[PDB]
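Residue-level listing of the chains:
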2 protein chains.
Amino acid sequence: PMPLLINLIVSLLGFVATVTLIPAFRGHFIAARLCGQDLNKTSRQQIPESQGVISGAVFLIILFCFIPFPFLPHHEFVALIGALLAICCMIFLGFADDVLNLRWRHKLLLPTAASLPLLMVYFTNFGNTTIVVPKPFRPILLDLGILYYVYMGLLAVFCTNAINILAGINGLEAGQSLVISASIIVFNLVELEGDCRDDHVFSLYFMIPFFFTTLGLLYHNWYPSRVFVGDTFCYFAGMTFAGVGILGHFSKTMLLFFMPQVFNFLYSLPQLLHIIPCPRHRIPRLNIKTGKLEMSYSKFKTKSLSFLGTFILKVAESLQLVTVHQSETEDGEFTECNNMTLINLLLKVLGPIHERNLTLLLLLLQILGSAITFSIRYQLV
Amino acid sequence: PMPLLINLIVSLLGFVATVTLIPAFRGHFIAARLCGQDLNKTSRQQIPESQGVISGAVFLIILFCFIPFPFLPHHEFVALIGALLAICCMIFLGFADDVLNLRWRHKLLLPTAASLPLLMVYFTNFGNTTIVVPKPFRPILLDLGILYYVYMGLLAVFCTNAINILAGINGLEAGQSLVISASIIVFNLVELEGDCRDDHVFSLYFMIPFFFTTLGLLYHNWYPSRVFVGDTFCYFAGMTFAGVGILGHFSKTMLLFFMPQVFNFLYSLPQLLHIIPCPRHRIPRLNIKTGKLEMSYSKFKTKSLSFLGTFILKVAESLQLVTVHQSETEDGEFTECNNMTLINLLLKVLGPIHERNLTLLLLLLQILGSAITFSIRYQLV
Ligand SMILES: CC(=O)N[C@H]1[C@@H](O[C@@H]2O[C@H](C[C@@H](O)[C@H]3O[C@@H](n4ccc(=O)[nH]c4=O)[C@H](O)[C@@H]3O)[C@H](O)[C@H](O)[C@H]2NC(=O)/C=C/CCCCCCCCCC(C)C)O[C@H](CO)[C@@H](O)[C@@H]1O
Ligand SMILES: CC(=O)N[C@H]1[C@@H](O[C@@H]2O[C@H](C[C@@H](O)[C@H]3O[C@@H](n4ccc(=O)[nH]c4=O)[C@H](O)[C@@H]3O)[C@H](O)[C@H](O)[C@H]2NC(=O)/C=C/CCCCCCCCCC(C)C)O[C@H](CO)[C@@H](O)[C@@H]1O
């Protein structure tokens, strides 16, 4: 555990670096107009956005410096440089999506291009394209070949976006990733005792610095948010997870650590596909008098709604998932449905919750999921 | 020459891609405020900057797609992925310098960090740290060891900045790189016939797409500039050259292709070090009535000037390099010295030249240098 010792020493130095540099560059981002308002707060001040660029940068300098230590053989060297190319490309693309505000078309396609070094490394290092069925005898009728490479391409696209759309409250994005990376770190140390070690000693090389830099980011992103992580971070986070999952051969376990993100993605799916009107910001509404966050709604004319739309809505209404409020004015009759997100579903079930408590609750919900996965995979039921 | 055939097919597709995408993203950059005015033109309209991000992006997608072709052994695979990590990191850092407008401190240090994958690849692939003396028996008294790795670190820092400071006129930055990359391509094809082939088949993999994408950029950057290349491109260009020079083992020949850039850097050195006052923009002044570009000056109080400053200035004045105009008002006595740049020295020698002609003249001057290098290295005097 000597390269891991070096990896931890540089990760702690990376944490110090991230914590120190984020306030040092504040000026540059406010000047560059890379900032947004805390939409769930009465304060109209603009907080610097895209701070994941600073932690992501620190992350790259750390690992570039780390490269000779696990060697001072190329099977793990190709995977190291390759994974760093896919991550660097993603922090780059993420920052450009933050700066240029790209279309949903790019939010999908470009992460597939950035994930190519991982696919190519897997191709040249002859990766096992044959998968093992985790579900019972029902879907079991397999060398997925190109469809396995399609899966690896669509993994980075899911991971980054799933984090990115489960956001809008102080320390949720950096915080959820902090639970996920820690869950992978714990898992790596357990599996570091036997069988697959080369996969977990490798995954730890990327996860220990991702954790300590994200911690340095959360130092300024936690409530009250002084800085915002931005798309740059979601892109970086998603790809680092998708990368270690792919090359470490544990994307299945990793996707189980991603349970709140998966629920949020699917619960959002009718809005994301625009079958039910999707507003630009689906973050909860602040009740200025209460101080706590109340559910956000998407009101629209019921006549304009499609046959599939009113079907999905009425099935979700009955399943006690959405809070539908129908009204009628001089303009006509409307339908004010609940904004389909895990944050608003938590406010639907537990009522209005304060911002600091709501994030903390979601992080605990993330902690519970990791316990469920760790219980499933290690017999603790 | 089959992977080279594939490399050229994708490079032509890359040229088409760059030419098509640059006007498609114009909206995003104007919105993102990533734009500047053509300071040598009367028109106050803002032209989108950082377009090197689009060509640099196209470049990365091409080469990521190219990766399996020269293989479908890891000695050239590590160098390929490694060089792409150093380049991707540089397009990323360059874009952040364009967006955040970093200090001169970062313009130097950060390119050294981005060049680490090249150094590390050279370290692991056991690169020849021992250099051969090109100059005569005078400096010949050598395993430079760490000082050779210092050289490789400072190569990317020189290459990017040297291009970046020899700019400010339509198609100079993209155009000079277009002569340099073509000079390396020609040289690679000559040396592809014998001896070192693995170094030139490798250098061509990066130079053919750099050329065809930069061509696609020059399509919109040539006079009258519709778009601006930005720091993103200078960073990308510099590193791609520094990369192929380092890994291909021909940084010496490459630095001889960089002759106008070297003269411009050293001629600028008293201003860059602030021994003689350095104005923010050292680009020539447009004579609205003439239409042609006239020399730019740096006027200052002669009393405020240091003992070394007035010494360098008077040595350059006598050497017939700077045009010094001394004046005296009620405020006191001033000194209006010529802005120390190869562009203003060309206007000092040839008089006022029109912008389109001036760039074209500098590109021809770049062409002459490549002929001088090719004559030196292949006996054509
Ligand atoms: C539709 C959806 O879910 N869109 C949500 C998503 O939109 C993204 O806002 C950010 C800007 C926010 O960070 C802003 O939120 C504010 N903020 C931030 C942090 C905080 O603590 N407090 C706060 O007030 C701040 O003012 C900041 O500027 C970007 O514009 C980004 O591009 C947006 N990103 C997107 O719009 C992403 C869309 C992806 C569409 C889905 C496509 C499918 C992807 C998966 C495919 C997988 C398959 C292959 C399996 O996130 C929003 C919330 O952070 C939510 O309010 C918003 O509802
Ligand atoms: C001091 C110096 O030479 N500084 C020149 C340098 O400044 C850089 O302007 C750009 C903004 C220009 O692209 C603007 O110029 C306009 N433009 C552009 C293209 C065109 O065709 N027409 C036009 O009008 C447009 O409005 C655009 O916004 C950036 O701000 C960049 O950060 C600047 N970059 C720097 O300031 C870079 C400084 C590096 C300092 C030297 C440090 C030493 C480096 C070498 C060390 C090597 C050793 C290790 C051996 O370049 C300037 C000109 O493009 C010139 O006017 C200016 O004089």
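- In its Subunit section, UniProt records this for chain A: "Homodimer."
- Among the UniProt annotations of chain A, the heading Sequence similarities holds the following wording: "Belongs to the glycosyltransferase 4 family."

**Considering the site of ligand 2**
Residues and elements named next belong to chain B.
Here is step 1: Close to ligand 2 lie 25 residues, the nearest being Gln37, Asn170, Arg280, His281 and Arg282.
Here is step 2: A distance of 3.1 Å separates an oxygen atom of ligand 2 from a polar atom in the side chain of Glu49.
Here is step 3: For ligand 2, the protein covers 85% of the area, taking 1,100 Å² as the surface of the free molecule.
Here is step 4: Counting only elements with at least two residues in the shell around ligand 2, the list comes to helix 4 (104-114), helix 6 (146-164) and helix 11 (259-272).
Here is step 5: At 4 residues, the largest contribution of residues to the shell around ligand 2 is made by helix 6.
Here is step 6: In the shell around ligand 2, the residues fall into 12 nonpolar, 6 polar and 7 charged.

**A few points about the UniProt feature "binding site: dolichyl phosphate" in chain A**
Here is step 1: Using the residue numbers shown here, the UniProt feature "binding site: dolichyl phosphate" corresponds to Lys107(A), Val157(A), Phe158(A), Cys159(A), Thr160(A), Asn161(A), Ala162(A), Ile163(A), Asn164(A) and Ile165(A).
Here is step 2: Setting aside chain neighbours within four positions, we find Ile163(A) in contact with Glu173(A), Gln176(A), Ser177(A), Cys234(A), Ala237(A), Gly238(A), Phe241(A) and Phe258(A).

**What about the domain arrangement of chain A?**
Residue and element names in this part refer to chain A.
Here is step 1: Domain boundaries in chain A define domain 1 (1-257 + 354-381) and domain 2 (258-353).
Here is step 2: Here domain 1 packs against domain 2, burying approximately 2,500 Å² in sum over the two surfaces, 78% of which is carbon and sulfur.
Here is step 3: When the area that domain 1 buries against domain 2 is broken down by residue, the three leading residues are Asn40, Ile165 and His354, summing to 23%.
Here is step 4: Linking domain 1 with domain 2 are 0 salt bridges, by the criterion used here.
Here is step 5: Seen at the junction of domain 1 and domain 2, the total is 6 residue pairs in polar contact.
Here is step 6: Breaking the side of domain 1 that touches domain 2 down by element, the ones donating at least two residues are helix 6 (146-164), helix 7 (172-190), helix 10 (251-257) and helix 14 (355-378).

**With respect to the site of ligand 1**
Residue and element names in this part refer to chain A.
Here is step 1: Neighbouring residues of ligand 1: 25 residues in total, closest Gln37, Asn170, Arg280, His281 and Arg282.
Here is step 2: With respect to ligand 1, the backbone of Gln37 contributes an N or O atom lying 2.7 Å from an oxygen atom.
Here is step 3: One of the backbone N or O atoms of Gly168 is found 3.3 Å from a nitrogen atom in ligand 1.
Here is step 4: Burial of ligand 1 by the protein amounts to 85% of the accessible area it has alone, namely 1,100 Å².
Here is step 5: Secondary structure elements with two or more residues in the shell around ligand 1: helix 4 (104-114), helix 6 and helix 11 (259-272).

**Some words on the packing of aromatic side chains**
Here is step 1: For the structure on display, the rule yields 46 aromatic pairs over all chains.
Here is step 2: For the pair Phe202(A) and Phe206(A), a centre-to-centre distance of 5.2 Å together with 55° between the ring planes defines the contact as tilted. Here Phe202(A) pairs with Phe206(A), and both are found in helix 8 (residues 198-221), just 4 residues apart, close to one helical turn.
Here is step 3: Since its relative accessible area comes to 1%, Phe206(A) is described here as buried.
Here is step 4: It is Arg226(A) that lies over the ring of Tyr219(A); its NZ or CZ is 5.1 Å from the centre.
Here is step 5: Above the face of the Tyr378(B) ring, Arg377(B) is positioned so that its terminal group lies 5.8 Å from the ring centre.

What counts as what
- Residues numbered from 1 in each chain as written, not as in the entry; some residues may be left out.
- Chains lettered and ligands numbered in written order.
- Heavy atoms only, no water.
- Residues with missing side-chain atoms left out of burial classes, pairs and counts.
- UniProt positions renumbered as here; feature names shortened; annotations may be inferred.
- Near = heavy atom within 4 Å.
- Polar contact = N/O pair within 3.5 Å; in protein donor to acceptor, adjacent residues only side chain to side chain.
- Areas by Shrake-Rupley, 256 points an atom, 1.4 Å probe, with all protein chains shown as cover.
- Helix = DSSP H or I, 4+ residues; strand = E, 2+ residues; numbered from the N terminus.
- Nonpolar A, V, L, I, M, F, W, Y, C, P; charged D, E, K, R; others polar.
- Contact = heavy atoms within 4.5 Å.
- Domains from an automatic or database assignment.
- Buried area = accessible area lost by both parts, 1.4 Å probe.
- Salt bridge = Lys/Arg side-chain N within 4 Å of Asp/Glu carboxyl O.
- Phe/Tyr/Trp six-rings, centres within 6.5 Å; stacked < 30°, edge-to-face > 60°.
- Buried < 20%, exposed > 50% of the residue type's maximum accessible area, 1.4 Å probe, protein only.
- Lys NZ or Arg CZ within 6 Å of the ring centre and 35° of its normal.

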